[PDB]
Amino acid sequence: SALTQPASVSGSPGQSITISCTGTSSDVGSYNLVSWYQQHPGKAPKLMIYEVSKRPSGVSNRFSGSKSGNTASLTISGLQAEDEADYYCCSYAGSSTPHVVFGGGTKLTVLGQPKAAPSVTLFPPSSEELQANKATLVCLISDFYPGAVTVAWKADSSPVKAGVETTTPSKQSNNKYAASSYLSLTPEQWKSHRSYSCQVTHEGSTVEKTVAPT
Amino acid sequence: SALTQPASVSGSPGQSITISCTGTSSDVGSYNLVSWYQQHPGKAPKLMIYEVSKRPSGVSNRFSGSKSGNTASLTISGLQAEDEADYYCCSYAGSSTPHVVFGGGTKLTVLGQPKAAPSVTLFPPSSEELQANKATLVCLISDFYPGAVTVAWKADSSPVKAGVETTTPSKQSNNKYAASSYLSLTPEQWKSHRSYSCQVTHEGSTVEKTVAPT
Amino acid sequence: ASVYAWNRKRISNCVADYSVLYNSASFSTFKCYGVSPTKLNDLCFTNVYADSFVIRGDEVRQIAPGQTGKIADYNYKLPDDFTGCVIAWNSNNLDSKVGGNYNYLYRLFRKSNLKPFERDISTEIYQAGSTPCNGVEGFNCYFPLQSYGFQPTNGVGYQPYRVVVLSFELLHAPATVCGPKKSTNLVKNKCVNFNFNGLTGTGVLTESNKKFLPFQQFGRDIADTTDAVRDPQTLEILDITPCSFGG
Amino acid sequence: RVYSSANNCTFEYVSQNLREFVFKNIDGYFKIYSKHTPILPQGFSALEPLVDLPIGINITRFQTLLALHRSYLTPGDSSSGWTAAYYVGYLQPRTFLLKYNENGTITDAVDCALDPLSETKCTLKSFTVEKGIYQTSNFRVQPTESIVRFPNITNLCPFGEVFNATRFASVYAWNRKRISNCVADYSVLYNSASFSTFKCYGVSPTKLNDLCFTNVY
Amino acid sequence: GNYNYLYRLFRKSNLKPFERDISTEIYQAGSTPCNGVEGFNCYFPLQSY
Amino acid sequence: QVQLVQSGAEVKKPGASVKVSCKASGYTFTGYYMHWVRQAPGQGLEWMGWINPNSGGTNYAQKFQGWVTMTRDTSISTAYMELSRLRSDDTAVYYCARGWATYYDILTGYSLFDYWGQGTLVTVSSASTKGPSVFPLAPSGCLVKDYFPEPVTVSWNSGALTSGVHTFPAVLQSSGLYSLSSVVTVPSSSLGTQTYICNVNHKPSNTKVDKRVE
Amino acid sequence: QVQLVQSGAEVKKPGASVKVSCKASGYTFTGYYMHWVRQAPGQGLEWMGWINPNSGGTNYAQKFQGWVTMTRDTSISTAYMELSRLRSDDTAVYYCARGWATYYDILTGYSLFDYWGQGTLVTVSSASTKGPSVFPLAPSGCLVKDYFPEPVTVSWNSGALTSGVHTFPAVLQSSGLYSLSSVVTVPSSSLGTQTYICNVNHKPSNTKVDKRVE
Ligand SMILES: *[C@@H]1O[C@H](CO)[C@@H](O)[C@H](O)[C@H]1NC(C)=O
Ligand SMILES: *[C@@H]1O[C@H](CO)[C@@H](O)[C@H](O)[C@H]1NC(C)=O
Ligand SMILES: *[C@@H]1O[C@H](CO)[C@@H](O)[C@H](O)[C@H]1NC(C)=O
């Protein structure tokens, strides 16, 4: 199957963070071929520790690993902004059934990055879209951290949950996150409201942008 | 000297065509070093069969060769549009006089290509040519097959054979042929005729283009 | 063929010319063991075996009667009493056009060294480690057949080398593979130097009354000396005695 | 006659009461010896060679075919037909003393390792033994078991750290490491594919796990 | 790289110790006895590097 | 140095079969094991099997027996994986990974999954392929609508105006088609220095439409 | 790979002597025989001789003894042919061709005339060299007049307008000079989008004149 790994691990800057990986007797208790990989968001996993602790080229001396009993530990101290990536554990299974297994994964969220108020931009439907017998309002959110925001529409003064699409923000190039929202309305619905407002909540910071057909 | 080879060979698509090459006892009856080359129109000959039948790289399995008595045969079956090229036969001569000889050549005309009416264009003398105290009419013929056309000038209504230059058509890039004709006349002769016509005959297809000084 | 599963062709009953091979310029190596390459058109052998395979450039030196390594131990073994020649030439234009693998494989792992002229083809999984997997592959359990990586122009010494080794059989039934020699007339009752298809000596030849069975060609007197021979063109039974001598 | 070919044939040969045959498969030659002697009696007869068959294959088991003069040609019956006994013997690497007469025909033979008198005849190289004592061979008590006695150490001494060192020394000032008191495995080094050269002088690389040394440098 | 650097591929027989052999004679490596100059199965021994 | 190339993104319907190919370069293809792994979107990693380039030996995981076939063409250095009886639950990303050495060696370690590939995004569902619809967004952006395949290439002014352009993650609609937003950030400007054209390049649908922004 | 370069086109007067050089590359120049052959315009092929790069051994045909000399400079890998007492009947095209190996070899065959060169067009006559005259042709083309040498390079707009341009074979005039036509095909157009200029580049006469077409 797999190996039990803690699902969520949170680490503040400047401290040591240890990730566990518990296995069986024939998986980790006999074959010291465990490895650890860091998976950047949107990028393929990159090898970090090929065996217990020994490290490949291009890996800093900060990283370390250890084996004890039927479990293994990966040690990181003094976290950096680049450490906000998924971490995985793998091992080799023998005993007449040669195959390998993975772990349950772990999400590491490095702190220290200053919080920024989300930037909300509203784009009304264009002339081409209006000619297509449809109206779509695009609510773009960027330049915020952490990437945990909630996007809702309040119309004129009453919230509406029809035709609202919201997705989890993804990391940008500047180590921040961005989210995109869509509101689809019929031409009669679009012209039946004096304005439309998009509201975004970001850890208690609410940014409201109001746009009107006029 | 050389080796006797059939001068003209005609082959319809889909049949097998054999080209003979008869030699002497000390030329072909003892040295099996005969070869066959295909010479594209306007291009240097390219080796096809280095010895009796064995073929170099880049040569299809369609081609074959054989030796019998004091003669050799080159076999082609299922002719293609690329086969409209000259073919040559060569061998090595010994008996105290080490040298090599060639054959009489053979022209192969592959059929199957649809016949197209020749396109005739007439270009009158330009202002620069008129200022040079000379008049030249250029009759250009292209987009026709086979490349066997006859070009003549009929002037106003009477054919003229003075200053008429005609050349054998040569293969174009589109596997067709093109021919160029020139008619040279003095300025007084050019202005003494109400018009000039160029007539081209292509296997019974006659195309006439009429141009006038006015 | 690959280094393992090397080809084995039998050659007999022919007139063999070895000057065509030696005069060939392509042959980079033409080592001969137990015989002189120039003195090969004058001999006669019973059976000639030709073995053809392709190896790595650095690996050619292992094709010798008393060498050791991966090839000698596990792929192709030559007996220490080899009587033959090894012919090798560089072929980078036919076995390394792209990838170079071209099903060119060899055997890294084997339980024990090979016997002379012994082949060993096996898909069995070798266990180079502590754990007795006793299954297929896995850790410490490997597939012995490893392929040659013949990258195009990967430096001289790693390029494919085609090797053809000839083994000359001797001391058997009447020889069937002989060099291009023109036989001369038969001279009897005279001290002459005879050359009966390999057997060379000096003596006088006379008609003999010995009754050879239809399958015997030679004849040994006391002290194991050849005193009778059979002519290889007329099947005549000739008697050989030494020429007159004394102090 | 029921047969087939299976399209893998690589040889063919067609040519033209007590019958004795010897089938020997040596060095790729399948030699057959035969003799047609009119009549197991007590006499002596030699088997002339019959065919060489210079191709040869791997042979481990064999069969025998029987025929009938005038009966049905059914290819499926096992016991049907008319209502022929042959003997089988196995060759062994034995030493013989053959006697050739004036015509070159083997007239008598003596099996060396059969009786003490036969051993005496073989030693004298004659068929008649005079009165007296003759020394024929030697007697040795063959070993009954093999034992091995190695010291108990049971630890792998570090060939690994000699080879995987991050930085070797210059040609001069070469390193010198002493290795002692360990169980040394040399099959790990020889089986290594990286090693381009592994020349061994004074010792066989395969016969290295069977030895014992005082100090290894 | 030629720079008149030539060697001898073909010769009738092996050399004696410290023996030189310079010859423009044409070697016959084949069946036909050309007995002339060059030709098929008749080659110039001196081949350049 | 070492680099691995996968096949193009796979779009299929349930009940069919797919083939995934990994072409490697920069290393001896038959010197290291080739591993196949799978990763569900947002979930943990999983292991498929490995293939021994030398002969074709295959080993499969316990839960992936019967519909997994491992092959490879070493002449062109490609590793093939065959998946049969596709289901909507297998819509994920598949990676080809390099294992340890296929040969025993003491100067080599056991770095498993040392190198990975870009990966193939396989998408299987009952939604048919739809031609993308692209519309502009007049500033106070560019959006793509009605496109079943996920990967879409977006640029501005035929890939010339790459300044201030940010791409937003796509949002899936209930009808099976997707929707993405791409906006160029040109604030505090007259918006008249150059004409703004947004370009969409949807290779799976083979569409390239340019829209003007005014 | 293998490629052979001949000398430039030869223009001479009867009673003089000419030298033809073949420079080879891409192969061991002293490993294969070099052959000299001749071909009359429209006639069959003929053989001149071969040269053995190793020492300079020459063999000549029966009908070409006395005025044929074979030499070569191997330091620069060139093969020289010397023709003396030139006559108007020898106006033809000469090729340098590669023979079999100069060394005996069993892994090599006997592919005679495997590779050929471009060839040198030798033209000998009593007609002197004349500076070409170039005139345009207004569409309802470009022509070159009064040029003794045959090879002429033609282009349009300094070799930029290579679309719709076709070259017609030259026609020889009785005065020794030639005449060629080169027309660009731009039909069903206003003929005013771009200015049309035809270019002539007659290297033997070292002339380059551009003519405007209106
Ligand atoms: C043996 O015959 C079979 C078919 O009868 C076929 O595999 C092949 O011709 C032969 N096998 C070999 C040569 O390995
Ligand atoms: C014949 O084949 C069998 C198959 O196991 C093998 O054991 C035996 O050694 C072979 N005979 C030889 C090689 O002489
Ligand atoms: C040997 O040959 C002689 C020759 O006449 C003959 O008399 C004698 O019988 C032969 N020996 C035997 C055993 O037949």
# chains A, B, ... in the order shown; residues from 1 in each chain; ligands from 1
$ residues_near_ligand --ligand "ligand 2" --cutoff "8 Å" --atoms "only C-alpha atoms and all ligand atoms" --output "PyMOL selection string"
chain D and resi 58-60
$ write_last_selection --atoms "N, CA and C atoms" --output "PDB file, in the first residue's frame"
ATOM      1  N   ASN D  58      24.062 -32.616 -29.659  1.00  0.00           N
ATOM      2  CA  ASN D  58      24.018 -33.044 -28.266  1.00  0.00           C
ATOM      3  C   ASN D  58      23.041 -34.206 -28.130  1.00  0.00           C
ATOM      4  N   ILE D  59      23.523 -35.334 -27.612  1.00  0.00           N
ATOM      5  CA  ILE D  59      22.737 -36.557 -27.501  1.00  0.00           C
ATOM      6  C   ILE D  59      22.851 -37.087 -26.079  1.00  0.00           C
ATOM      7  N   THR D  60      21.706 -37.408 -25.473  1.00  0.00           N
ATOM      8  CA  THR D  60      21.661 -37.947 -24.120  1.00  0.00           C
ATOM      9  C   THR D  60      20.809 -39.205 -23.988  1.00  0.00           C
TER      10      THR D  60
END
$ closest_atom_pairs --of "region 94-174 of chain F" --to "region 156-170 of chain A" --cutoff "12 Å" --atoms "only C-alpha atoms" --output "tab-separated table"
residue	atom	partner	partner_atom	distance
F:167	CA	A:170	CA	10.7
F:168	CA	A:170	CA	8.5
F:169	CA	A:170	CA	7.2
F:170	CA	A:167	CA	8.3
F:171	CA	A:167	CA	6.4
F:172	CA	A:165	CA	8.3
F:173	CA	A:165	CA	7.9
F:174	CA	A:165	CA	10.0
$ write_last_selection --atoms "N, CA, C and O atoms" --output "PDB file, in the first residue's frame"
ATOM      1  N   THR F 167      -0.598  35.088 -16.394  1.00  0.00           N
ATOM      2  CA  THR F 167      -1.566  34.055 -16.736  1.00  0.00           C
ATOM      3  C   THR F 167      -2.249  33.554 -15.470  1.00  0.00           C
ATOM      4  O   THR F 167      -1.580  33.236 -14.481  1.00  0.00           O
ATOM      5  N   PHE F 168      -3.585  33.488 -15.505  1.00  0.00           N
ATOM      6  CA  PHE F 168      -4.366  33.025 -14.373  1.00  0.00           C
ATOM      7  C   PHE F 168      -4.755  31.562 -14.552  1.00  0.00           C
ATOM      8  O   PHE F 168      -4.962  31.101 -15.679  1.00  0.00           O
ATOM      9  N   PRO F 169      -4.848  30.807 -13.456  1.00  0.00           N
ATOM     10  CA  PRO F 169      -5.238  29.396 -13.567  1.00  0.00           C
ATOM     11  C   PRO F 169      -6.642  29.247 -14.137  1.00  0.00           C
ATOM     12  O   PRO F 169      -7.535  30.055 -13.872  1.00  0.00           O
ATOM     13  N   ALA F 170      -6.824  28.194 -14.927  1.00  0.00           N
ATOM     14  CA  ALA F 170      -8.115  27.919 -15.533  1.00  0.00           C
ATOM     15  C   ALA F 170      -9.086  27.351 -14.501  1.00  0.00           C
ATOM     16  O   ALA F 170      -8.692  26.724 -13.513  1.00  0.00           O
ATOM     17  N   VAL F 171     -10.374  27.582 -14.742  1.00  0.00           N
ATOM     18  CA  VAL F 171     -11.446  27.093 -13.884  1.00  0.00           C
ATOM     19  C   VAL F 171     -12.352  26.198 -14.716  1.00  0.00           C
ATOM     20  O   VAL F 171     -12.815  26.599 -15.789  1.00  0.00           O
ATOM     21  N   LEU F 172     -12.603  24.989 -14.219  1.00  0.00           N
ATOM     22  CA  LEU F 172     -13.426  24.026 -14.936  1.00  0.00           C
ATOM     23  C   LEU F 172     -14.906  24.336 -14.747  1.00  0.00           C
ATOM     24  O   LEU F 172     -15.354  24.650 -13.641  1.00  0.00           O
ATOM     25  N   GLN F 173     -15.660  24.247 -15.837  1.00  0.00           N
ATOM     26  CA  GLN F 173     -17.102  24.435 -15.807  1.00  0.00           C
ATOM     27  C   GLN F 173     -17.806  23.084 -15.772  1.00  0.00           C
ATOM     28  O   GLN F 173     -17.222  22.049 -16.104  1.00  0.00           O
ATOM     29  N   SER F 174     -19.076  23.106 -15.362  1.00  0.00           N
ATOM     30  CA  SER F 174     -19.833  21.872 -15.187  1.00  0.00           C
ATOM     31  C   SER F 174     -20.117  21.162 -16.506  1.00  0.00           C
ATOM     32  O   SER F 174     -20.443  19.970 -16.492  1.00  0.00           O
TER      33      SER F 174
END
$ atom_distance --atom1 "CA of residue 127 (chain A)" --atom2 "CA of residue 200 (chain F)"
18.6 Å
$ select_by_dssp --residues "region 46-102 of chain C" --states "strand (DSSP E)" --output "list in words"
residues 48, 49, 50, 51, 52, 53, 54, 55, 56, 84, 85, 86, 87, 88, 89 and 90 of chain C
$ write_last_selection --atoms "N, CA and C atoms" --output "compact mmCIF listing (two decimals), in the first residue's frame"
# COMPACT_ATOMS: atom_id res chain seq x y z
N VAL C 48 37.93 -26.62 -40.25
CA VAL C 48 38.18 -25.22 -39.92
C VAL C 48 36.87 -24.62 -39.42
N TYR C 49 36.92 -24.01 -38.24
CA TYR C 49 35.75 -23.38 -37.63
C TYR C 49 35.94 -21.87 -37.64
N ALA C 50 34.91 -21.15 -38.07
CA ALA C 50 34.92 -19.69 -38.08
C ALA C 50 33.86 -19.19 -37.11
N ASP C 51 34.28 -18.36 -36.16
CA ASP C 51 33.39 -17.80 -35.16
C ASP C 51 33.35 -16.29 -35.35
N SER C 52 32.15 -15.74 -35.55
CA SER C 52 31.98 -14.33 -35.84
C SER C 52 31.12 -13.68 -34.76
N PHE C 53 31.58 -12.55 -34.23
CA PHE C 53 30.85 -11.78 -33.24
C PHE C 53 31.43 -10.38 -33.22
N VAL C 54 30.78 -9.49 -32.47
CA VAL C 54 31.19 -8.09 -32.37
C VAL C 54 31.37 -7.73 -30.91
N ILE C 55 32.51 -7.11 -30.58
CA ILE C 55 32.83 -6.76 -29.20
C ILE C 55 33.21 -5.29 -29.13
N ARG C 56 33.62 -4.85 -27.95
CA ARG C 56 34.04 -3.48 -27.69
C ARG C 56 35.52 -3.33 -28.01
N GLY C 84 45.30 -21.34 -34.31
CA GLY C 84 44.46 -20.62 -35.24
C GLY C 84 44.84 -19.16 -35.30
N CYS C 85 43.93 -18.36 -35.85
CA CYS C 85 44.17 -16.93 -36.02
C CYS C 85 42.93 -16.16 -35.64
N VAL C 86 43.12 -14.93 -35.15
CA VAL C 86 42.04 -14.03 -34.81
C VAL C 86 42.10 -12.82 -35.73
N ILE C 87 40.98 -12.50 -36.37
CA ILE C 87 40.90 -11.40 -37.32
C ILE C 87 39.84 -10.43 -36.81
N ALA C 88 40.23 -9.18 -36.59
CA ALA C 88 39.33 -8.15 -36.10
C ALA C 88 39.55 -6.87 -36.88
N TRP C 89 38.47 -6.12 -37.11
CA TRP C 89 38.55 -4.84 -37.79
C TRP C 89 37.49 -3.91 -37.23
N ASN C 90 37.76 -2.61 -37.33
CA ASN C 90 36.85 -1.61 -36.80
C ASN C 90 35.66 -1.44 -37.74
$ atom_distance --atom1 "CA of residue 50 (chain B)" --atom2 "CA of residue 35 (chain B)"
4.7 Å
$ residues_around --residues "residue 34 (chain C)" --least-positions-apart "5" --cutoff "12 Å" --atoms "only C-alpha atoms" --output "mmCIF file with N, CA, C and O atoms, in the first residue's frame"
data_model
loop_
_atom_site.group_PDB
_atom_site.id
_atom_site.type_symbol
_atom_site.label_atom_id
_atom_site.label_comp_id
_atom_site.auth_asym_id
_atom_site.auth_seq_id
_atom_site.Cartn_x
_atom_site.Cartn_y
_atom_site.Cartn_z
ATOM 1 N N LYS C 39 53.071 -18.970 -43.574
ATOM 2 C CA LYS C 39 53.103 -20.412 -43.820
ATOM 3 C C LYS C 39 51.740 -21.052 -43.579
ATOM 4 O O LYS C 39 51.610 -22.020 -42.833
ATOM 5 N N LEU C 40 50.706 -20.508 -44.221
ATOM 6 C CA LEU C 40 49.359 -21.046 -44.109
ATOM 7 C C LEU C 40 48.834 -21.642 -45.403
ATOM 8 O O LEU C 40 47.913 -22.462 -45.357
ATOM 9 N N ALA C 64 42.402 -14.160 -26.853
ATOM 10 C CA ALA C 64 43.727 -14.753 -26.933
ATOM 11 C C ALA C 64 43.743 -16.000 -26.062
ATOM 12 O O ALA C 64 42.914 -16.131 -25.154
ATOM 13 N N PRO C 65 44.661 -16.935 -26.317
ATOM 14 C CA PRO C 65 44.618 -18.215 -25.589
ATOM 15 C C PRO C 65 44.692 -18.087 -24.076
ATOM 16 O O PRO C 65 44.055 -18.877 -23.368
ATOM 17 N N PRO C 79 41.005 -21.959 -25.761
ATOM 18 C CA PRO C 79 41.894 -22.870 -25.035
ATOM 19 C C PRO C 79 43.343 -22.417 -25.110
ATOM 20 O O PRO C 79 43.772 -21.777 -26.073
ATOM 21 N N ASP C 80 44.100 -22.759 -24.065
ATOM 22 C CA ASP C 80 45.500 -22.357 -23.991
ATOM 23 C C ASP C 80 46.342 -22.982 -25.094
ATOM 24 O O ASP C 80 47.421 -22.464 -25.405
ATOM 25 N N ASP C 81 45.878 -24.077 -25.691
ATOM 26 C CA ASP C 81 46.559 -24.742 -26.798
ATOM 27 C C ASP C 81 45.945 -24.364 -28.137
ATOM 28 O O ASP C 81 45.841 -25.194 -29.044
ATOM 29 N N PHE C 82 45.512 -23.113 -28.270
ATOM 30 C CA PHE C 82 44.866 -22.656 -29.491
ATOM 31 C C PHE C 82 45.816 -22.745 -30.678
ATOM 32 O O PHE C 82 46.998 -22.408 -30.577
ATOM 33 N N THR C 83 45.286 -23.203 -31.811
ATOM 34 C CA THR C 83 46.020 -23.287 -33.073
ATOM 35 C C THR C 83 45.135 -22.637 -34.130
ATOM 36 O O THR C 83 44.308 -23.302 -34.757
ATOM 37 N N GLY C 84 45.302 -21.338 -34.314
ATOM 38 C CA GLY C 84 44.460 -20.616 -35.238
ATOM 39 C C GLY C 84 44.843 -19.158 -35.305
ATOM 40 O O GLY C 84 45.931 -18.766 -34.882
ATOM 41 N N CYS C 85 43.930 -18.356 -35.845
ATOM 42 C CA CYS C 85 44.174 -16.933 -36.019
ATOM 43 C C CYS C 85 42.925 -16.157 -35.637
ATOM 44 O O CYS C 85 41.808 -16.660 -35.775
ATOM 45 N N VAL C 86 43.123 -14.934 -35.154
ATOM 46 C CA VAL C 86 42.036 -14.027 -34.806
ATOM 47 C C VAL C 86 42.100 -12.820 -35.727
ATOM 48 O O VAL C 86 43.150 -12.179 -35.848
ATOM 49 N N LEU C 166 39.414 -18.065 -36.465
ATOM 50 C CA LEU C 166 39.480 -19.338 -37.169
ATOM 51 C C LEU C 166 40.275 -20.332 -36.336
ATOM 52 O O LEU C 166 41.366 -20.010 -35.856
ATOM 53 N N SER C 167 39.727 -21.530 -36.161
ATOM 54 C CA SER C 167 40.379 -22.597 -35.414
ATOM 55 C C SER C 167 40.689 -23.750 -36.356
ATOM 56 O O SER C 167 39.797 -24.246 -37.049
ATOM 57 N N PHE C 168 41.948 -24.175 -36.376
ATOM 58 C CA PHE C 168 42.423 -25.197 -37.298
ATOM 59 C C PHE C 168 42.527 -26.530 -36.568
ATOM 60 O O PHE C 168 43.335 -26.674 -35.646
ATOM 61 N N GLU C 169 41.719 -27.495 -36.989
ATOM 62 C CA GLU C 169 41.762 -28.835 -36.427
ATOM 63 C C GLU C 169 42.901 -29.631 -37.052
ATOM 64 O O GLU C 169 43.218 -29.476 -38.234
ATOM 65 N N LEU C 170 43.515 -30.488 -36.241
ATOM 66 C CA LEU C 170 44.661 -31.273 -36.670
ATOM 67 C C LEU C 170 44.588 -32.655 -36.036
ATOM 68 O O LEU C 170 43.871 -32.872 -35.056
#
$ closest_atom_pairs --of "chain C" --to "ligand 3" --cutoff "10 Å" --atoms "only C-alpha atoms and all ligand atoms" --output "tab-separated table"
residue	atom	partner	partner_atom_place_in_ligand_line	distance
C:209	CA	ligand 3	4 (C)	9.2
C:210	CA	ligand 3	2 (O)	9.1
C:211	CA	ligand 3	2 (O)	8.0
$ write_last_selection --atoms "C-alpha atoms" --output "PDB file, in the first residue's frame"
ATOM      1  CA  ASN C 209      52.385 -55.119 -50.025  1.00  0.00           C
ATOM      2  CA  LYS C 210      50.763 -53.820 -46.822  1.00  0.00           C
ATOM      3  CA  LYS C 211      47.019 -54.518 -46.741  1.00  0.00           C
TER       4      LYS C 211
END
$ closest_atom_pairs --of "chain F" --to "chain C" --cutoff "9 Å" --atoms "only C-alpha atoms" --output "JSON lines"
{"residue": "F:28", "atom": "CA", "partner": "C:149", "partner_atom": "CA", "distance": 6.4}
{"residue": "F:29", "atom": "CA", "partner": "C:149", "partner_atom": "CA", "distance": 8.0}
{"residue": "F:30", "atom": "CA", "partner": "C:147", "partner_atom": "CA", "distance": 6.7}
{"residue": "F:31", "atom": "CA", "partner": "C:146", "partner_atom": "CA", "distance": 8.2}
{"residue": "F:52", "atom": "CA", "partner": "C:143", "partner_atom": "CA", "distance": 8.5}
{"residue": "F:53", "atom": "CA", "partner": "C:147", "partner_atom": "CA", "distance": 8.8}
{"residue": "F:54", "atom": "CA", "partner": "C:147", "partner_atom": "CA", "distance": 6.0}
{"residue": "F:55", "atom": "CA", "partner": "C:145", "partner_atom": "CA", "distance": 7.9}
{"residue": "F:57", "atom": "CA", "partner": "C:137", "partner_atom": "CA", "distance": 8.4}
{"residue": "F:74", "atom": "CA", "partner": "C:101", "partner_atom": "CA", "distance": 7.5}
{"residue": "F:75", "atom": "CA", "partner": "C:99", "partner_atom": "CA", "distance": 6.0}
{"residue": "F:76", "atom": "CA", "partner": "C:99", "partner_atom": "CA", "distance": 6.9}
{"residue": "F:77", "atom": "CA", "partner": "C:99", "partner_atom": "CA", "distance": 7.5}
{"residue": "F:102", "atom": "CA", "partner": "C:142", "partner_atom": "CA", "distance": 7.0}
{"residue": "F:103", "atom": "CA", "partner": "C:142", "partner_atom": "CA", "distance": 6.8}
{"residue": "F:104", "atom": "CA", "partner": "C:128", "partner_atom": "CA", "distance": 7.2}
$ atom_distance --atom1 "CA of residue 194 (chain F)" --atom2 "CA of residue 146 (chain F)"
29.2 Å
$ closest_atom_pairs --of "chain B" --to "chain E" --cutoff "9 Å" --atoms "only C-alpha atoms" --output "Markdown table"
| residue | atom | partner | partner_atom | distance |
| --- | --- | --- | --- | --- |
| B:94 | CA | E:39 | CA | 7.8 |
| B:95 | CA | E:34 | CA | 7.8 |
| B:96 | CA | E:34 | CA | 6.7 |
| B:97 | CA | E:39 | CA | 8.7 |
| B:98 | CA | E:39 | CA | 5.6 |
| B:99 | CA | E:39 | CA | 8.1 |
$ residues_around --residues "region 82-95 of chain F" --least-positions-apart "3" --cutoff "7 Å" --atoms "only C-alpha atoms" --output "count of residues only"
26
$ interface_residues --of "chain A" --to "chain F" --cutoff "8 Å" --atoms "only C-alpha atoms" --output "ChimeraX atom specification"
/A:33,35,44-47,50-51,88,98-105,123-126,128-129,165-167,169-170,178-180
$ write_last_selection --atoms "C-alpha atoms" --output "compact mmCIF listing (two decimals), in the first residue's frame"
# COMPACT_ATOMS: atom_id res chain seq x y z
CA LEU A 33 16.97 2.64 0.58
CA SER A 35 14.43 8.64 -0.04
CA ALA A 44 7.88 17.77 -11.08
CA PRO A 45 9.45 16.37 -7.89
CA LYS A 46 13.20 16.86 -7.50
CA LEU A 47 15.39 14.38 -5.63
CA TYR A 50 18.50 9.52 -2.17
CA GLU A 51 19.19 7.36 0.94
CA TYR A 88 7.22 12.82 -0.03
CA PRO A 98 9.97 -6.75 -5.27
CA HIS A 99 8.21 -3.38 -5.55
CA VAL A 100 8.34 0.10 -4.03
CA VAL A 101 5.81 2.19 -2.11
CA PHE A 102 5.34 5.87 -1.31
CA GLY A 103 4.10 7.89 1.65
CA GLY A 104 0.99 9.87 2.50
CA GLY A 105 2.60 13.21 1.72
CA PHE A 123 -13.33 43.35 -15.99
CA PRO A 124 -16.80 43.93 -17.49
CA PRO A 125 -17.96 41.97 -20.55
CA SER A 126 -16.58 43.29 -23.82
CA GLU A 128 -17.64 40.91 -28.58
CA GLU A 129 -18.95 39.05 -25.52
CA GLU A 165 -16.81 29.99 -10.23
CA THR A 166 -13.96 30.15 -7.70
CA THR A 167 -10.66 28.26 -7.67
CA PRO A 169 -5.06 30.35 -5.70
CA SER A 170 -1.80 29.15 -7.23
CA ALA A 178 -3.24 34.61 -7.61
CA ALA A 179 -6.86 33.53 -8.03
CA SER A 180 -9.40 33.95 -10.83
$ residues_near_ligand --ligand "ligand 1" --cutoff "9 Å" --atoms "only C-alpha atoms and all ligand atoms" --output "PyMOL selection string"
chain D and resi 5-9
$ interface_residues --of "chain E" --to "chain G" --cutoff "10 Å" --atoms "only C-alpha atoms" --output "MDAnalysis selection string"
chainID E and resid 1:4 6 9:10 24 28:30 37:49
$ select_by_dssp --residues "region 1-180 of chain D" --states "alpha helix (DSSP H)" --output "number ranges by chain"
D: 116-124, 160-163
$ write_last_selection --atoms "C-alpha atoms" --output "compact mmCIF listing (two decimals), in the first residue's frame"
# COMPACT_ATOMS: atom_id res chain seq x y z
CA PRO D 116 45.43 -58.56 -11.19
CA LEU D 117 46.67 -60.93 -13.90
CA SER D 118 45.30 -58.56 -16.55
CA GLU D 119 47.10 -55.67 -14.85
CA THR D 120 50.32 -57.71 -14.91
CA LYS D 121 49.85 -58.45 -18.61
CA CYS D 122 49.26 -54.76 -19.34
CA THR D 123 52.34 -53.74 -17.34
CA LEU D 124 54.58 -56.28 -19.08
CA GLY D 160 34.56 0.30 0.30
CA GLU D 161 36.22 3.34 1.85
CA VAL D 162 39.45 2.70 -0.06
CA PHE D 163 37.65 2.90 -3.41
